[PDB]
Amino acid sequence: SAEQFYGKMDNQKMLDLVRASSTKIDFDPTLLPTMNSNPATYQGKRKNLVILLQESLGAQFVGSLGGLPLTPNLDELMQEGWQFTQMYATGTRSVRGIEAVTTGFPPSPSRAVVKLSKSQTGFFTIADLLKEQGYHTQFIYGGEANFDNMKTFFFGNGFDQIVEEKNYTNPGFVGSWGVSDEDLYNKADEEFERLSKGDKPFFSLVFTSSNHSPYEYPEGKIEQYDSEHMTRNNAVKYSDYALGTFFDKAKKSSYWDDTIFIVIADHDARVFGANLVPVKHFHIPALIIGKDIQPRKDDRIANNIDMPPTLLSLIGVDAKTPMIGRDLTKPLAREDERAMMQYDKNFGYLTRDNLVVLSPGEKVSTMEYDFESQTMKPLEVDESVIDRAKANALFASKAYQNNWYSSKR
């Protein structure tokens, strides 16, 4: 319970600050307290939606984002689309990255809702929204889908089909975590060219697996970055090569005209025993790419929970949902740029002007964040800056307790 760590706040005061700081409009709190209507920016025939979730792909491993020269295929694709240079994960764990891009639900000191008992059925997801709207919905994974409780959460919440390890006929390579990312990506391309023959728009979540210790992946596929074959750096570089092979196929495919793709990490590679909130380690790549998506370098501070409202808007789906994440196809004032991030028991609220970190024992730290340096210094802020952070720190914990985030509509 977030109340126990950060202090109490009246539901009214809290909700008001959450709704106001969200920038969402047309709220209807009779059904659910943050239910809001957002019409899609795109208004043509509904597009397919492909989410290519990148296991542990932190910005530190991305060349185009200043880090190690580990992602030449992605770097190139970055120039070809809507690149987010100030994107932050809300968490450090895979299930929280799945939480963020399938539900848009903000973080708590607890586990992501993929693993919580109340969220196993009838929780809000874009999966069941799109399903209710006539979409086929699927999850493509290389390993065992029961892992991290994913299959159960996905099946209970709007996913139709689950494609997992048992469904791969002849993979080029199999490791401890399942088939390599190239096999995953061949399977994706197979499923998409399949679904595109059908009548339905589809929504697909595809989640990489190669980038896990002990780092098994095929030989002779990249000029390795490290001398040892099985390293994190090389697994990332393998995954990059594997993504490039997906897009080479994707661009000459029958679904290309009709689809929006997002390349986004679930979180950065974990760091341990960090103090407060290590901002740099929530920093992640995000790329939206597709026909009619124009190249753009977007420096607006955002979270991965802003992606589902953004993507629905891009694919032509009007969204009456309780999501408080931003539709970034629409203007966002500089003072509204923000990132929430949860590092275990610590919650951080990053804006262009300040960074507020809340820790157990109701301790409050206030800082100015140097974006170039990726370092922070002490800084005094208005009570309104602390209250906005606290209000957002508490929301998911309270919404979960009170069932404020259901799929009822």
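Quick note: we count residues from 1 along the sequence shown, nothing fancier.
*Asks:* So which stretch wins on mean C-alpha B-factor, 369-377 or 348-356?
*Replies:* Stretch with the greater average CA B-factor: 369-377.
*Asks:* Using only the Cα atoms and their B-factors as the entry lists them, report which of 289-297 and 95-103 averages higher.
*Replies:* If you average the C-alpha B-factors of 289-297 and of 95-103, the larger mean comes out for 289-297.
*Asks:* Checking the entry, which one of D258, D181, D318, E335 has the top C-alpha B factor?
*Replies:* The record points to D258.
*Asks:* Identify, among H283, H212, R194, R270, the residue whose C-alpha carries the highest B-factor in the deposited PDB entry.
*Replies:* Highest C-alpha B-factor among the listed options: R194.
*Asks:* For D26, return the chain-relative third of its C-alpha B-factor as stated in the PDB record: lowest, middle or highest.
*Replies:* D26: CA B-factor falls in the middle third of its chain.
*Asks:* Taking only the Cα B-factors deposited for this chain, tell me whether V113 sits in the lowest, middle or highest third.
*Replies:* Within its chain, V113 is a lowest-third residue by C-alpha B-factor, going by the deposited values.
*Asks:* What third of its chain, lowest, middle or highest, does the C-alpha temperature factor of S397 fall into?
*Replies:* Answer is middle: the recorded C-alpha B-factor places it there.
*Asks:* Which third, lowest, middle or highest, does the C-alpha temperature factor of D266 belong to within its own chain?
*Replies:* Answer is lowest: the recorded C-alpha B-factor places it there.
*Asks:* What third of the chain, by the recorded C-alpha B-factor, contains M9?
*Replies:* Highest third - that is where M9 ends up once the chain's C-alpha B-factors are sorted.
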